[PDB]
Amino acid sequence: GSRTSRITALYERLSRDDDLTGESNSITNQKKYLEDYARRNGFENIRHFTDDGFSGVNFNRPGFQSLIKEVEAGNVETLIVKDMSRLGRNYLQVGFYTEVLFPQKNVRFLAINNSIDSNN
């Protein structure tokens, strides 16, 4: 109608070619990671956008499409990611998402393994 409960976006991606071997060598593991964050941070409706055989061009993915689907509908009030590498190092397009795209719902993007948009 007018006012309702939107959501939080938790999008993750694990790679089988990494030399990690331990936690991130599956799927639900890194998922739970972001979870530990969103909870330690205080985010609601933490939606988990799973990864499986993701391309290496930029955006537009299965689980990602769900993530973006929430963004377009104006639900994803926050974005929790292991790092900006998921969406790409191309801060031009990635930024567009967080600066012009996400504004619809007032987003707080998080990149654990890289400075999302801070200073220090």
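Everything discussed here concerns the structure shown above.
Residues numbered from 1 in each chain as written, not as in the entry; some residues may be left out. Heavy atoms only, no water.

Caption draft 1: Seen up close, helix α1 (residues 28–41). Its 14 residues place the ends of α1 19 Å apart at the C-alpha level, agreeing with the 20 Å of an ideal helix rising 1.5 Å per residue. Burial in α1 covers these residues: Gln-30, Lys-31, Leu-34, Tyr-37 and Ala-38. Projected onto a plane normal to the axis of α1, the buried residues spread over an arc of 115° and lie on a single side. If you follow the buried residues of α1, they end up packed against β1 (7–11), β2 (46–49), β3 (76–81) and β4 (109–111). Downstream of α1 by one or two residues, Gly-42 has phi in the positive range, about 105°. (Helix = DSSP H or I, 4+ residues; strand = E, 2+ residues; numbered from the N terminus. Expected span 1.5 Å × (residues − 1). Buried < 20%, exposed > 50% of the residue type's maximum accessible area, 1.4 Å probe, protein only. Arc of directions from axis to C-beta. Contact = heavy atoms within 4.5 Å.)

Caption draft 2: Spotlight on the packing of aromatic side chains. A full pass over the atoms with the stated rule returns eight aromatic pairs. Each ring, one from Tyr-11 and one from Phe-54, has its centre 5.6 Å from the other, and the planes form 55°; the classification is tilted. Of the two residues, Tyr-11 sits in strand β1 while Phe-54 sits in the loop between β2 and α2 (62–73), which places them 43 residues apart along the sequence. Each member of the pair, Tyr-11 as well as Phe-54, is classed as buried. Ring geometry for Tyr-11 versus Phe-64: centroids 5.2 Å apart, planes at 85°, classification edge-to-face. In this pair, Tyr-11 is assigned in strand β1 and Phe-64 in helix α2, connecting sequence segments 53 residues apart. (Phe/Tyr/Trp six-rings, centres within 6.5 Å; stacked < 30°, edge-to-face > 60°.)

Caption draft 3: Molecular detail of the pairing of β2. Pairing geometry for β1 and β2, over four bridges, is parallel. Within β2, the residue paired with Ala-9 across the bridge is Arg-47. This β-α-β element, β1 to α1 to β2, shows right-handed connectivity. (Pairing = 2+ DSSP bridges. Right-handed = clockwise from strand over helix to strand, strands pointing away.)

Caption draft 4: Representation of unusual backbone geometry within the structure. The phi torsion at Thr-21 lies on the positive side, around 60°, for a residue other than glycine. Here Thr-21 shows up in the loop between β1 and α1. Positive phi, close to 70°, is recorded for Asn-60, a residue that is not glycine. Looking at the element boundaries, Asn-60 is found in the loop between β2 and α2. The exposure class of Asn-60 is exposed, given its relative accessible area of 57%.

Caption draft 5: Representation of the sheet that holds β2 within the structure. Taken in spatial order, the four strands make up an open sheet running β2-β1-β3-β4, and their pairing is parallel. Two strands bound the open sheet, and with one partner strand each, they are β2 and β4. Adjacent strand axes in the sheet meet at a mean angle of 20°, parallel and antiparallel pairs treated alike. Taken strand by strand, α1 contacts β1, β2, β3 and β4, and its axis lies near 160° from that of β2. (Axes fitted to C-alpha atoms, helices over the stretch in contact; angles between N-to-C directions.)

Caption draft 6: Spotlight on the side chain of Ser-15. Along the polypeptide, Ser-15 turns up in the loop between β1 and α1. Within the structure, the side chain of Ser-15 is placed 3.0 Å from the side chain of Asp-17, a separation counted as a polar contact. (Polar contact = N/O pair within 3.5 Å; in protein donor to acceptor, adjacent residues only side chain to side chain.)

Caption draft 7: Summary view of the nonpolar core. Formed by 22 residues in total, the largest nonpolar core has its most connected members in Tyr-11, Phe-64, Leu-67, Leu-79, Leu-87, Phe-102 and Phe-109. Only β1, α2, β3, α3 (91–101) and β4 provide two or more residues apiece to this core. Of the residues forming this core, the biggest block, four residues, is contributed by α2. With seven residues, the next largest nonpolar core counts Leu-10, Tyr-37, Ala-38 and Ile-80 among its residues. (Core = buried A, V, L, I, M, F, W, Y, C linked by side-chain atoms within 4.5 Å.)

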